[PDB]
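Shown next are two forms of a single protein chain, provided one at a time as structure tokens under the names structure 1 and structure 2.
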Structure 1
């Protein structure tokens, strides 16, 4: 044991706690100046004592050497697409189809309702708590290595916030750029002759495709986790909301506007409440993503492969 290895560990633990509070809780216990005082106190010391520097330290978010092309990554568990509804009557028909397709319909049919961010789908792996690999969605089967670019996102933890993290946990989420960040960026490109971005979706996509993390660092990107992929060494809850609540408690950013709605009548109330809030969110939203909250019912219903909406195989019973 030494006083400096004790100081480094203390600073790291504090700075991660301050980052959880600022980014995930939206409730920092200290001013930004305090957070920064300790940030460069740590950074200075790691450089004065290189032997005690760790790859997941809050000061090592940015890789100094720019990359020379992205590498392909075959996703273990596939990244699926989403079905879409464009009306109250169309949404109610999708529910009635599930109501019959199920073996037993519970009296309250609970749904985890969330806003649909206009963002880029990614998959982030965490091995024994620390971030080792990040990748784009791509076609769903294959994507690209955006690890050094995901590492630069201030609200993405480099280390999960738990003493017993799982063996391997894949966090699935959408990268996006909020309005303030988007407006600040286009002023800078205008003040320093360079291309401006059309809308926040394109700025985020363009920032993620950068091969120099130092550019990405300057881009004001943000993550919001929507699901889970690989889950080794853990017993994930039996509802989607609770799995989301669980990610929030281990250090991952999740959208605060997520709610549970019992049946289509309540779900339509949520869709309407978010449609009026569109004007005061601080980020873009295409709509609402609605999901069957019970995971057993999700595994009962299942998926549907690339297939027409104009054809159906109405099968016979035994």
Structure 2
């Protein structure tokens, strides 16, 4: 044991806990300045004792060297798309269809109802708790390695917050750019004669194709997780909402607008409410994703070619 290694371990633990409170709980327990004083204390100490620098330390999100290109990554499990609906009658038809297909239709049919984030789909792999690779969706089968870029995002933990992480856990989510960051970015890019962006979706996509993680780091990106790919060495909860609460409880940001709703009429009220709030969310959404909450019911329904039969994106009208 040495005093330096204890100081480093303690700063790292304290800072990851603060990042979790600030980014995931939106309830920081200390001011930003206190977080930063400990952050740059860690960073100086690490630099003064480099033999103790760890690759997943909070001070190590940003590679010092622009990449020369991105490698391809074929996903171990494909990333499917979503069927979509455009009206209440069409949503209701999707539900009656499930109601008829199911062998046994449960008393409430519970949906997990989520906003449809409008950014870029990603897959982020944690091995024994440590972020080791990230990919874009690409075409659903093959995407690109954006590990270095995903590491920069402030609300993505470099290590899961749990003493028992799964052997492997792949988090699936949307990376997107809130409006305030989007407006500061376009103001900055105009005042410096760089590519202005049409909408937050495009700013996020273009920020994630940056080969220089130093640039990506200055892009105000956030993850929200909405699913799980690989999950080895853990017993995943047996409802989708519970899996998202579990992701949240181990350090992964999840959107706070998500609700459980029983039966189509309640789901429709969720849709109307989200559609109302849309104006004042501080970020763009495309509509809602309504998912059958029970995992056994989802497995029973399966996939059509390559969207779930158990979910649908009910989009908003123009």
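Think of the rigid core as the biggest set of C-alphas that the two forms share within 1.5 Å after superposition. Numbering follows the first chain given and starts at 1. Only residues modelled in both forms are compared.
- With the core held fixed between the two structures, residue 296 has its Cα displaced by under 2 Å.
- Superposing the two forms on their core, we find that the Cα atom of residue 311 is displaced by 20.1 Å between the two structures.
- Its Cα shifted by 1.1 Å between the two structures, residue 107 is reported here after superposition on the rigid core.
- Relative displacement of the residue 34 Cα between the two structures on rigid core alignment is 0.2 Å.
- When the two forms are fitted on their rigid core, the residues between the two structures that move as a run of three or more, each C-alpha shifted by 2 Å or more, fall solely in 306-318.
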